[PDB]
Amino acid sequence: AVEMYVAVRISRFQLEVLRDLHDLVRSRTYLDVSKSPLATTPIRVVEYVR
Amino acid sequence: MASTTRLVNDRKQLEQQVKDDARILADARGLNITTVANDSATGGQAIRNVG
């Protein structure tokens, strides 16, 4: 009713259908700070010990 | 050469003995160490990369 005599339509669509609830889990990568922490200071030469 | 020639050595030995036997009777007590701290860093200029 809110559409004209001429219709605007879509030929293709894409969506994901899952049959098992446990297929929603995926994986990502992170750095292990505990064993490979991020460096916080640059390398410097030794001078002015105090 | 008589007993007078041994006076300085006598005083040396007497001082050594006095120190030794004053060390024995001195009372000794342990002391608390309150200076532990990690405050001995080193400075310098950073070797910054260029590119």
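Read-outs: derived from the displayed coordinates by stated rules, not from any lab. All Cβ positions, even for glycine, are placed from backbone atoms using ideal geometry, and neighbour counts span all protein chains on display.
Numbers for the structure displayed
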{"item": "Chain A, subset among the basic types (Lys, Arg) and more than 30 Å from residue B:49 (Cα to Cα), residue nearest to the other protein chains (Cβ to nearest Cβ)", "result": "A:28"}
{"item": "Criterion (β-branched (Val, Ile, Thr) and within 14 Å of chain A (Cβ to nearest Cβ)) met by exactly one of B:50, B:18", "result": "B:50"}
